[PDB]
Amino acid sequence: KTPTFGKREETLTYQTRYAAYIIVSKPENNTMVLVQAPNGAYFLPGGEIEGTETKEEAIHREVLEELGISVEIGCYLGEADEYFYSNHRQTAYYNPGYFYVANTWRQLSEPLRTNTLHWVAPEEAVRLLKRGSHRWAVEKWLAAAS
């Protein structure tokens, strides 16, 4: 029932790590920002929850590090899960993701800068995003009216 994405390997044992992501949009020109890794993969802003962080605290840390922004976290879109293999970790991960919308945000600094930032149309984000869980979040947000 929980939207689930990613080819999982029946051979490997998956470790669980939780993640939180947020849609950060520029309503005035109908764009939203994506973070593109050095390897070329596009992601929503956010990431794996660390230490004793809440989902929201992980978001606050990530958008500062990646985007140089603060956010006012708004709507909770829901959970979408991702199965993947981390090459650098050499570890298979089960990744419950918790997806949110920023109501508003503020530019505070430059990003803390191996990734590149791309402001794109939401429909273009859907075409660029690496993960089915991320595409799911954008499509849900697109369908969510006032």
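From 1 onward, residues are counted along the sequence shown.
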property: Interval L112-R113, deposited residues with no coordinates in the entry (none, 1 to 3, 4 to 9, 10 or more); result: 1 to 3
property: Average Cα temperature factor in the PDB entry - higher stretch of 9-17, 124-132; result: 9-17
property: Record-listed C-alpha B factor of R89: chain third; result: highest
property: Chain-relative CA temperature factor third for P38; result: highest
property: Within-chain third of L142 by Cα B-factor, per the entry; result: lowest
property: Ranked against its chain, the third holding the CA B-factor of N95; result: highest
property: Position of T104 among the chain's modelled residues by C-alpha B-factor, lowest, middle or highest third; result: highest
